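Novice: If you read the protein sequences in the order shown, they are chains A and A'. A prime marks a further copy of an entry chain. Start counting the first sequence at 16; every next residue gets the next number (the entry's author numbering). Start counting the second sequence at 16; every next residue gets the next number (the entry's author numbering). Each residue gets a CB set at the ideal place from its N, CA and C atoms; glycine is no exception. Sharing a structure here in structure tokens format.
2 protein chains.
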Amino acid sequence: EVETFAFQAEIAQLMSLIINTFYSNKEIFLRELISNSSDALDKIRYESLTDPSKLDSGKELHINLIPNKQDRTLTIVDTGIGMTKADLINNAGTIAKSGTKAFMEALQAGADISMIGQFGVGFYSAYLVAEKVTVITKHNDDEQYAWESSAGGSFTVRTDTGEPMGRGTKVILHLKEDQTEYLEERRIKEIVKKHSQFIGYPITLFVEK
Amino acid sequence: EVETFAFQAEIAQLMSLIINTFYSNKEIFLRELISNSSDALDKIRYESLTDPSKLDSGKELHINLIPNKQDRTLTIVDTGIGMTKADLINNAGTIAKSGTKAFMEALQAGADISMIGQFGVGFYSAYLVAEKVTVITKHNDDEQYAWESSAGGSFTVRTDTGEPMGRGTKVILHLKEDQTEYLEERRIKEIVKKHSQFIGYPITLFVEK
Ligand SMILES: CCCN(C)S(=O)(=O)c1cc(-c2n[nH]c(=O)n2-c2ccccc2F)c(O)cc1O
Ligand SMILES: CCCN(C)S(=O)(=O)c1cc(-c2n[nH]c(=O)n2-c2ccccc2F)c(O)cc1O
């Protein structure tokens, strides 16, 4: 059973701006997703202090970067707190609305796209490099869900029938044809070293066979 | 009834470094506390989506900057989620430990003190300008508490007997003798405009009588 939702107009407007604006510094999407993974890892780690059973779904706190040249996908995996079904829908809600409006106002006032994270809408920078984003997530208090959007004003949410992940979030970036540099080991390493050098969790870049 | 706690050694070491290192760019403490206020405001705002009764303790989501030249205090007030007694004690816990160690390692490797926030220990930059920090906080699920530390390896936690605050956190920076520039309106405005221009909550600088 697949549910389709409309993005609110300001978010749909933001997504179309990110897709259609000429902006060469596209590498910033990686920093934004890694930052969000690190925030989700902080959340589970903090909850696990007062309640250690929160880690029964997995004690390992890490980030994996998995490029796949055959599928043309860059997957970002984390074992953070994950997202509930309500969380997925709310990522296109009120906080995202005020943040989107403030960011687009800042862009009009001369700010640049790399400042997206300061408005809490950093996720949408995935659309600088991806024609489609698939998010697989599992929170301790809910089932495993698959969120997906190719922009165009909508996203879908379905219960995931795939392999269980224990806990966390998997971001599958279905890369645009001209954005395959983000599948190269040396390029990924360069971006991680430049923007995410101080992340408090092991970031593992997977090698392809 | 006042409870006294020891900071763990790495945090006590960090605090002594912040107090004794020659570092002229002290203004960064304001950005760190405002950033933490904004994060606490995001948390209550997000919780209020699925549960509107979370805002019965106050619907207003803001940050107030209150300098007081007579008391030599700069107070930062927010109506964020606030902190429980467990939260106050855990601010000197495991997450703070790994973050402190990583930050001090980065400093050895040539990083500078302004990067403190990337390690989640941004609060401790208050000790660049304050000889003592008093924190008054109220979370919906707990009583009102007063946290206090003049560094020296310890902090205290007591139930606050003062005026109720509804919900949020009040940071009272008892400024060092040579740090009174942070009580001047034009100086505060300059720092807010430079470092916190994109905060998603109204920041009000109070004028003195
Ligand atoms: C529908 C899009 C979801 N994303 C891919 S995301 O928001 O970039 C993103 C979200 C999470 C996430 N899991 N749990 C959680 O609380 N978060 C979270 C963290 C920071 C900010 C907002 C958030 F919800 C993550 O681990 C990685 C991500 O790349
Ligand atoms: C003992 C020191 C407490 N501080 C003064 S603080 O951490 O800088 C600080 C904390 C809060 C706070 N309230 N609720 C909450 O979750 N937080 C929080 C936000 C971000 C990071 C860690 C945190 F706990 C705040 O609103 C303002 C602050 O200046």
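#1: Could you spell out the range, first to last residue, of the beta strand (DSSP E) harbouring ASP93 (chain A')?
#2: Rounded to the nearest angstrom, what separates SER211 (chain A) and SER165 (chain A') at their Cα positions?
#3: Which value, in whole angstroms, describes the spacing of the CA atoms of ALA121 (chain A') and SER31 (chain A)?
#4: Tell me the residue span of the beta strand (DSSP E) that contains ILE203 (chain A').
#5: Could you compute how far the alpha carbon of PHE22 (chain A) sits from the alpha carbon of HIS77 (chain A')?
#6: I want to know whether the region 182-190 of chain A touches the region 120-134 of chain A - three or more CB-CB distances under 8 Å.
#7: Can you name the start and end residues of the beta strand (DSSP E) that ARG173 (chain A') belongs to?
#8: Three or more C-beta pairs under 8 Å: does that hold for the region 199-208 of chain A against the region 70-85 of chain A'?
#9: Quick check: is the beta carbon of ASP57 (chain A') nearer than 8 Å to any beta carbon in chain A?
#10: Among the candidates A':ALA101, A':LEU56, A':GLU42 and A':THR36, whose CA atom is the shortest distance from the CA of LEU198 (chain A')?
#11: In chain order, what residues have a CB nearer than 6 Å to some heavy atom of ligand 2?
#12: For the region 160-189 of chain A', which residues have a beta carbon sitting closer than 9 Å to at least one beta carbon of chain A?
#13: Is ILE96 (chain A) closer than 8 Å to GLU62 (chain A) when the C-beta atoms are compared?
#14: If I'm right that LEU64 (chain A) touches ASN106 (chain A') with Cβ under 8 Å, what's the distance once you round it to whole angstroms?
#15: Per DSSP, which residues does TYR160 (chain A) bridge with? Please list them.
#16: Answer with buried or exposed for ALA55 (chain A'), where buried requires no fewer than 16 other C-beta atoms within 10 angstroms of its C-beta.
Specialist: On the basis of the coordinates in this document:
#1: From DSSP, the beta strand (DSSP E) with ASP93 (chain A') extends over 88-93.
#2: The C-alpha of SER165 (chain A') is placed about 33 Å away from the C-alpha of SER211 (chain A).
#3: Cα-Cα distance, rounded: 39 Å.
#4: Element bounds for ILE203 (chain A'): not the beta strand (DSSP E) but the alpha helix (DSSP H), 200-210.
#5: When rounded, the distance between both Cα atoms is 27 Å.
#6: No: the two stretches stay apart, fewer than three of their Cβ pairs being nearer than 8 Å.
#7: Run containing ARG173 (chain A'): 169-174, per the beta strand (DSSP E) assignment.
#8: Too few Cβ pairs lie closer than 8 Å, so no.
#9: With 8 Å as the cut-off, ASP57 (chain A') counts as an interface residue toward chain A.
#10: Of all alpha-carbon atoms in A':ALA101, A':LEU56, A':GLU42 and A':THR36, the one lying nearest the alpha-carbon of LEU198 (chain A') is that of A':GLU42.
#11: Those residues that bring their Cβ nearer than 6 Å to a heavy atom of ligand 2 are A':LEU48, A':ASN51, A':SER52, A':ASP54, A':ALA55, A':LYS58, A':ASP93, A':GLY95, A':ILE96, A':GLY97, A':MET98, A':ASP102, A':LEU103, A':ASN106, A':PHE138, A':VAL150, A':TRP162, A':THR184 and A':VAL186.
#12: The region 160-189 of chain A' vs chain A, Cβ under 9 Å: nothing.
#13: In this structure, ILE96 (chain A) lies closer than 8 Å to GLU62 (chain A) by Cβ.
#14: Their Cβ separation, rounded to whole angstroms, is 11 Å, which puts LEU64 (chain A) and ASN106 (chain A') out of contact at 8 Å.
#15: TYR160 (chain A) pairs with A:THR152 and A:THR174.
#16: When all chains shown are included, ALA55 (chain A') counts as buried.
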